[PDB]
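[1] Based on what follows, work out the 3D shape:
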Amino acid sequence: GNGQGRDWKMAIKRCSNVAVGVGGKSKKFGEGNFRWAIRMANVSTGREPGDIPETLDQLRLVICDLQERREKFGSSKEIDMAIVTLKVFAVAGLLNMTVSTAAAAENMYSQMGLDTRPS
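    Numbering: from 1, shown residues only. There you are, the coordinates:
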């Protein structure tokens with residue numbers, strides 16, 4: 001629960017290069033995107049609104065719970081945006097791995113087996 005730390009800002013800064021669209025013909029991820037995605041995920045999964053994931057493991061738990069909810073209740077433009085936004089924050093932010101688009105981050109998140117729930 002700390003979206004004010006300097007490590008948090010560096011994570012967002014890394015994700016500033018990532019595009020929401022599949023090409024160079026789109027927007028760039030902003031800090032508002034991630035705060036919205038995290039908050040929307042916390043409320044949906046019985047977490048406190050302002051709970052900020054510190055480690056990668058914490059974020060994966062949120063993503064797993066959110067994807068599970070999408071599997072049970074259904075998909076939508078909002079919940080898909082939230083899930084992919086967290087995955088971008090996971091790959092390009094915490095792991096610091098260069099991805100061009102959100103689709104690339106989504107693809108890297110799966111290949112590295114991050115979809116699997118930790119223990």
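[2] which ones are touching the residue sitting nearest the centre point of the chain?
    Per C-alpha atoms, centre = their mean, the C-alpha nearest to the average position across the chain is that of residue 86, at 0.5 Å. Contacts for residue 86 (C-beta atoms under 8 Å, 6 or more residues apart in numbering) come out as 34, 37-38, 41, 59, 62-63, 66. The way it works is simple: take the backbone N, C-alpha and C, and place the C-beta from them, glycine included.
[3] What is the nearest of the residues you listed to residue 81?
    Checking those against residue 81 with C-beta to C-beta, the nearest one is residue 37 at 7.1 Å.
[4] I'd like to know how far that closest one sits from residue 23.
    Residue 37 sits 22 Å away from residue 23, going by C-beta to C-beta, to the nearest Å.
[5] In terms of neighbours, single out the busier of these two.
    Higher neighbour count among residue 37 and residue 23: residue 37, with 24 against 9, using other C-beta atoms under 10 Å.
[6] That one: what's it in contact with?
    Residue 37 neighbours (C-beta under 8 Å, 6+ apart): 81-82, 85-86, 89.
[7] Scan the chain for its longest helix.
    Ranked by number of residues, the top helix in the chain under DSSP state H is helix 56-73.
[8] Any buried residues in that helix, and which?
    Residues of helix 56-73 classed as buried by neighbour count (16 or more other C-beta atoms under 10 Å): 56, 59-67, 70.
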